[PDB]
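Only this structure's heavy atoms are used, side chains among them; waters, hydrogens and symmetry mates stay out. Nothing fancy with the numbering, it's 1 onward along the sequence.
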Amino acid sequence: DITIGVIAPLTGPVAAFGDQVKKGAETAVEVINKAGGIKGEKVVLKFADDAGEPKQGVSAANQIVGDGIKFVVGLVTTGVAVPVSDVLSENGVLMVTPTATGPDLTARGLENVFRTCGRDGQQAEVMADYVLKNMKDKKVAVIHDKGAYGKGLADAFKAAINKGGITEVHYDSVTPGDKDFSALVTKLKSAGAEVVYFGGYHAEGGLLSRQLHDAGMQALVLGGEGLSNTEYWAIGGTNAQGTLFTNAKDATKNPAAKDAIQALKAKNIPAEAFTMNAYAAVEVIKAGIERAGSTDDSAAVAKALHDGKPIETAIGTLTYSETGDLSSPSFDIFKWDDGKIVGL
Ligand SMILES: CC(C)C[C@H](N)C(=O)O
């Protein structure tokens, strides 16, 4: 059997992302096995919970190494991704991230790391352009969650709007697990913040959206794809109406997504971006193995994914750079409307 390890937060404040990655990876595996597996062999998933905690991610990685598993989909959050990557890479375990966007993951010399997603510099620059074009005159604030993702992302947005001439009226952070942001909100009111970019995840983002409105403000919340989960709406309520955030292009618009959509509909799983990217990550591993001709040498599989030939996936046709990033990444802006994600 061909074993694929999945390292993902199944418990804790970001288990909602984990759930998406698991279900995307799961659905891909069923379809491949239904379609005859790899070269005639069953693909199986083995799961290991990082709880969204980098120390526990290392531990999950270690278990993955100790089971002799050679392929991994996961490394979901940037903070976990990088420390997991080292453990995986040292021990000849190939890895594909469907969600981690922190640039450092692919800039430290690693030859067996890949993404089915882009990077923060691009998505912050996308939202910054939108801000400069459409909101040059708004009081803008920049907030993060002190996290590897949160701060990197928010600092990149800040840089891009300062370059375009906009001076933020406030820069600051909150601590994951703290739930009272009334102090920060107090400063936001008094700075007259009309727009607040938040680099972080839903547990914190939702609370910021809520507590802004309770203080009587009508501020527009902006962020990255950490605000793409419906839990952000669950937490934020109607206050999050209008929230804009960046994420990959809607994969459902491509005909390449036909097979994945049907398999998901059949299981009542929504075709969300992370879910699709996790499915495509399994497809990449399969394509790697097919081109290499082996399921035993992960280095050969890695070299094959890096050899310049394009790879067909549910999210589209991919070609990897020497760093393991996508060669043609792109990010669109979406908005939360009445609990649903909509374009434009
Ligand atoms: C699941 C995503 C919100 C994770 C985020 N892109 C990160 O790199 O941490």
Side-chain angles (χ1 to χ4, degrees), residues 77-79 101-104 118-124 126-132 134-135 137-138 140-188 190-229 232-233 235-236 239-247 329 331-336:
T77 67
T78 281
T101 52
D104 289 343
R119 283 173 286 156
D120 292 331
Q122 196 185 14
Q123 85 181 291
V126 166
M127 189 67 67
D129 288 350
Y130 190 81
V131 163
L132 293 160
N134 306 129
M135 299 183 202
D137 61 326
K138 294 295 174 204
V140 178
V142 183
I143 307 296
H144 60 261
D145 75 343
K146 304 185 185 292
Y149 172 64
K151 182 170 169 71
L153 172 58
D155 291 354
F157 173 82
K158 160 182 156 74
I161 66 179
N162 301 159
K163 185 171 186 194
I166 287 175
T167 296
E168 67 278 359
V169 287
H170 197 62
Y171 176 92
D172 215 341
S173 60
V174 301
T175 301
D178 283 11
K179 306 220 165 284
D180 204 342
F181 306 158
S182 71
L184 180 57
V185 169
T186 298
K187 293 188 178 72
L188 293 169
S190 84
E194 294 167 312
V195 177
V196 171
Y197 192 98
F198 178 69
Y201 309 123
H202 48 269
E204 287 65 43
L207 288 166
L208 184 57
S209 169
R210 276 196 91 88
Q211 286 168 34
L212 286 171
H213 290 236
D214 293 346
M217 300 178 66
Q218 276 165 49
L220 177 57
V221 184
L222 306 176
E225 96 285 12
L227 303 188
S228 69
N229 200 282
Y232 168 68
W233 190 267
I235 293 164
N239 297 321
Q241 175 63 45
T243 297
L244 311 181
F245 70 88
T246 39
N247 202 350
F331 282 103
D332 292 337
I333 300 177
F334 305 92
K335 66 187 284 218
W336 286 99

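Nearest heavy atoms, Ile143 versus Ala154: O-CB, 3.8 Å. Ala148 and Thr78 make their closest contact through CB-CG2, 3.8 Å (heavy atoms, listed as atom of the first residue, atom of the second, distance). Listed here is the closest heavy atom pair of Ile333 and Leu244: CG2-CB, 4.2 Å. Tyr232 approaches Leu227 most closely through the heavy-atom pair CD2-O, 4.0 Å. Considering every non-hydrogen atom in both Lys146 and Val174, the closest pair reads CG-O, 3.5 Å. Scanning both residues, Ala128 and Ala160, for their nearest heavy atoms gives CB-CB, 3.6 Å.
Using a 30° and 60° split on the angle between ring planes, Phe245 and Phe334 fall in the tilted class, from 30° to 60°.
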* Asked: Hey, mind stepping through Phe331 and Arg119 against side-chain contact (heavy atoms from CB on, under 4.5 Å) and telling me if it holds?
  -> CA-CA 9 Å; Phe331 282 103; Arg119 283 173 286 156; 5.7 Å; no

* Check the pair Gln211 / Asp214 against side-chain hydrogen bond (donor to acceptor under 3.5 Å, both in side chains), numbers first and verdict last. => CA-CA 5 Å; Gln211 286 168 34; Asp214 293 346; over 6 Å; no

* Evaluation steps, side-chain contact (heavy atoms from CB on, under 4.5 Å), between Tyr197 and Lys158 -> CA-CA 9 Å; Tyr197 192 98; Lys158 160 182 156 74; over 6 Å; no

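Rounded to the nearest 0.5 angstrom, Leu207 CG and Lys179 NZ are separated by 5.0 Å. The line from OH of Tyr130 to CE of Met135 is 5.0 Å long, rounded to the nearest 0.5 Å. Taking CG of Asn247 as the start and CG of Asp332 as the end, the distance is 9.0 Å to the nearest 0.5 Å. One distance of note links OG of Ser173 with CG of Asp145; it measures 8.5 Å at 0.5 Å rounding. Between the CD atom of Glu225 and the OG1 atom of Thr101 there is a distance of 4.5 Å, given to the nearest 0.5 Å. Within the model, atoms CZ of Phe157 and CD1 of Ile166 stand 7.5 Å from one another, a figure rounded to the nearest 0.5 Å.
Heavy-atom contacts from other residues, nucleotides or ligands closer than 6.0 Å to NZ of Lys163 number 12 or fewer.
A donor-acceptor pair under 3.5 Å is formed between the side chain of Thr186 and the backbone N or O of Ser182.
Residue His213 is tested with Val185, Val221, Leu208, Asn239 for a side chain to side chain contact (heavy atoms under 4.5 Å, CB included); the sole match is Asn239.
Take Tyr201 and apply the ring pair (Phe, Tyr, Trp, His ring centres under 6.0 Å) test, not counting sequence neighbours, and it matches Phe17, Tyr149. In this view, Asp172 and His170 satisfy the side-chain hydrogen bond (donor to acceptor under 3.5 Å, both in side chains) rule, not counting sequence neighbours.
Residues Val131 and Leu222 are in side-chain contact: their nearest non-hydrogen atoms beyond the backbone lie under 4.5 Å apart.
Ring-centre distance between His144 and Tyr171: below the 6.0 Å cut-off.
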